[PDB]
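Okay, here we've got a single chain as structure tokens, the form deposited without this ligand, with questions on binding and movement later.
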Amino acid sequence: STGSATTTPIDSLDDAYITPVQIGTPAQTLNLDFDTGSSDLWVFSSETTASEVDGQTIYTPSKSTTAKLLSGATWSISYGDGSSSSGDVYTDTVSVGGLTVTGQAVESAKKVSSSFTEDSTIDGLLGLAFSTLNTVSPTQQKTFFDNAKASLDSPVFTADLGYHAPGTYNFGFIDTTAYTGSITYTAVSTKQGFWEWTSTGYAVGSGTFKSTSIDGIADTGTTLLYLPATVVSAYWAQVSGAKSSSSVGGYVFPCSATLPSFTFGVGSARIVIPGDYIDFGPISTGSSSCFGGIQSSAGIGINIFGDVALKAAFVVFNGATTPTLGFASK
């Protein structure tokens, strides 16, 4: 089997991408935020505290003839941005782009933190990291991809995120028309439960490539590119007037600037992020200070190849017995 679904930016900045997901029978379609940095499929639901729901579409298990309470199971997750959610668990039929999994754990939120409530465009998350990170207790549950894997033509999914445009998540096949040149594959460590890999270096604009190992994660649920402070300082030093602002929370730059590209290495291959992808617009409406799309990871504990980086590539998440990542230009 295979599946193919379009993923759509939630706003004009590509802050996140939503993909329609069919849950239950008859289908309830919710727009979920496919996260390769986490491993829970959770949804706004009829059980979510009413004051914490503000425009999201909810899953109502009592209206699904295939829903079953997973008795005794609870979940609770805290993300790297400080947001969180928790609740109980149903199993139900879940379909993405024509690919159907029966018995998928659907984590129904009883509580969500304020950033979820305040974003009406996101109805939940679909985790695509390794199932070892799934938070369901006392019986850990598998991700949608792990449940689908055995049925897929090939045990892979691909992320093809658009710049200011829709893109595609494919399951079970690699669309050879979706990229240029060849796909360069690179080793993955699953020791932390992430799609963790080592970039071979970087360049700023037309500058020389610096060969240096940068360990980080491929994370479709993170908006920006978070790299070591040395690398980030080297980038922003090429933008007149750019500075790190403690009050704003990162590097800002004059909105009048033209940003240089940023290149990252994948083996001997190179992925070029155009400068325009690094512009996240005014820090507040009407400001002439703009927020940068490359930020320091120093306060995180891990480097994160988020959407800014991934949208410059066609990315293969190869879930074979020994997982690997593939990157191609497009």
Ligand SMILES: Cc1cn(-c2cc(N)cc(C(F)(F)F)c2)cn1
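Numbering starts at 1 and follows the sequence shown.
J.: On average, are the C-alpha B-factors higher in 295 to 303 or in 26 to 34?
T.: Per the PDB record, 295 to 303.
J.: Looking at the entry, does 76 to 84 or 151 to 159 show the higher mean C-alpha B-factor?
T.: Result of the comparison: 76 to 84.
J.: Go through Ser62, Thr263, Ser289, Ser39 one by one and give the residue whose Cα B-factor in the PDB entry is largest.
T.: Out of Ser62, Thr263, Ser289, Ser39, the record gives the largest C-alpha B-factor to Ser62.
J.: Hey, out of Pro254, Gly201, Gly249, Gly127, whose CA B-factor is highest in the deposited coordinates?
T.: Max CA B-factor in the entry, restricted to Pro254, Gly201, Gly249, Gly127: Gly249.
J.: Ordered by C-alpha B-factor within the chain, which third holds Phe194? Give me lowest, middle or highest, please.
T.: For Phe194, whose C-alpha B-factor we compare with every modelled residue in the chain, the answer is the middle third.
J.: Looking at the entry's B-factor column for C-alpha atoms only, identify whether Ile283 ranks in the lowest, middle or highest third of its chain.
T.: For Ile283, the deposited C-alpha B-factor lands in the middle third.
J.: Name the third of the chain's ranked CA B-factors that contains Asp123, choosing lowest, middle or highest.
T.: Bottom third by C-alpha B-factor.
J.: State the tercile, meaning the lowest, middle or highest third, of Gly221 with respect to the CA B-factors recorded for its chain.
T.: CA B-factor rank for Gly221: lowest third.
J.: What third of the chain does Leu310 rank in for C-alpha temperature factor, lowest, middle or highest?
T.: CA B-factor rank for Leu310: lowest third.
There is another form of this protein, the form deposited with this ligand bound, and it is not shown here; the text below is about that form.
J.: Should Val272 be classed as touching this ligand in the deposited complex when contacts are defined as heavy atoms within 4.5 Å?
T.: Judged by the heavy-atom cut-off of 4.5 Å, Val272 is well away from this ligand in the deposited complex.
J.: Under a 4.5 Å heavy atom criterion, is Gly181 part of the interface with this ligand in the deposited complex?
T.: Contact with this ligand, no.
J.: I'd like to know whether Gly205 contacts this ligand in the deposited complex, with contact meaning heavy atoms within 4.5 angstroms.
T.: Result no; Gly205 lies far from this ligand in the deposited complex.
J.: With the partner left out here, check for me: in the deposited complex, does some heavy atom of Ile304 sit within 4.5 Å of this ligand?
T.: Judged by the heavy-atom cut-off of 4.5 Å, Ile304 is in contact with this ligand in the deposited complex.
J.: Out of 77 to 101, which residues reach within 4.5 Å of this ligand in the deposited complex, heavy atoms considered?
T.: Result: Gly80, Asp81.
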